[PDB]
């Protein structure tokens, strides 16, 4: 699927755009501005779970470009921990959404959002 590095960059940017949309659209629910519909949130968090696994294999060898910093590949073990923290927080979000637990969901949502920004601060060009 990534014949040239520019195809990996197009894929990962598309996946990240879709993640941002499925994550950010829950902000009014977690802030009490819109009603919590447990079943609809469960379904949206499942879409976000699928999308959240997709960008990383499009940062494979040789796919420098876009707004990715070089240290993604030069400090690969450190990048992997930032990616892992995010993906661990998506597991917690899915557990909260599956349980219908709005306290857990809002806490997990804040942890996901902080881990998006913690990776950006180290690995995304400003």
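Numbering follows the first chain given and starts at 1.
K.L.:
Read off the CA B-factors in the entry, average them over 87-95 and over 68-76, and name the higher stretch.
P.N.:
Stretch with the higher mean C-alpha B-factor: 68-76.
K.L.:
Checking the entry, which one of 18, 102, 112, 9 has the top C-alpha B factor?
P.N.:
Out of 18, 102, 112, 9, the record gives the largest C-alpha B-factor to 102.
K.L.:
Among the modelled residues of its chain, does the C-alpha B-factor of residue 62 lie in the lowest, middle or highest third?
P.N.:
Its C-alpha B-factor belongs to the highest third of this chain's values.
K.L.:
Ranking the modelled residues of this chain by C-alpha B-factor as given in the entry, is residue 35 in the lowest, middle or highest third?
P.N.:
Within its chain, residue 35 is a highest-third residue by C-alpha B-factor, going by the deposited values.
K.L.:
Can you tell me which third, lowest, middle or highest, the CA B-factor of residue 52 falls into for its chain?
P.N.:
For residue 52, the deposited C-alpha B-factor lands in the lowest third.
K.L.:
Could you place residue 81 in the lowest, middle or highest third of its chain by Cα temperature factor, using the values in the record?
P.N.:
Residue 81: CA B-factor falls in the highest third of its chain.
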